[PDB]
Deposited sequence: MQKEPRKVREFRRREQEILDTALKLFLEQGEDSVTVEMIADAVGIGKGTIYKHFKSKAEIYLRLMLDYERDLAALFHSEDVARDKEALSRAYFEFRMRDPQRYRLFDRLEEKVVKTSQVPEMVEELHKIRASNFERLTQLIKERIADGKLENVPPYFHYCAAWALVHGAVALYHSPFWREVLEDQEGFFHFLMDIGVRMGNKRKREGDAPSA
């Protein structure tokens, strides 16, 4: 684990953590590589050693999301607890969720960075298979109703999507007085959704 590489990776990560933060505070189309560099304490030449364009930063953030999801699914693990962790992971960062929805149009569906996008789709396919495997196992264990597994997949997607929209609604955030009470209620809903009667 040489020092040179540990410290290259650590800077790379600060670049990414800083870019996301700037993207979410100011709107991604404002933010340049240059501002991300100034935010981190480094210059043009240095940031280009890690990312040659904002688009590579964009895709790398989404790849890291997909790798984080992959790591959550990676022994007879507790599938109920994994279901809860899956919803918590998905609803943790609603701003990032919403950013990724726009990045889907602005860079994924254009292959501005074609090698990274090709990779993104393959890990997504694997995460899709991992999530539906969890579904099939909860069905086989009698927890989930025995309907096509994509029914539960689509339910989960819908719940996460509207939960994120709920958090972006001016009307909704004020009615939501106890926000962590509600969050845990939402997790319970997700784990319990489509449970066999």
Walk along the deposited sequence from position 1 and note every stretch that has no C-alpha coordinates. 1 to 3, 78 to 80, 204 to 212
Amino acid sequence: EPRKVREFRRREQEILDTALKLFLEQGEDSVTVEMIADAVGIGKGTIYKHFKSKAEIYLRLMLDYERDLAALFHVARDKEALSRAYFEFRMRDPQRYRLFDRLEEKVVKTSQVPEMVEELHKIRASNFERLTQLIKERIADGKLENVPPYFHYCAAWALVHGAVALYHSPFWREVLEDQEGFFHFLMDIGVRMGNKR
From here on, numbers count along this sequence of modelled residues.
I need to verify one thing: averaged over C-alpha atoms only, is the B-factor higher for 45 to 53 or for 144 to 152? 45 to 53
So which stretch wins on mean C-alpha B-factor, 31 to 39 or 166 to 174? 166 to 174
For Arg84, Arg124, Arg77, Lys109, the deposited C-alpha B-factor is largest at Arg77
What third of the chain does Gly190 rank in for C-alpha temperature factor, lowest, middle or highest? middle
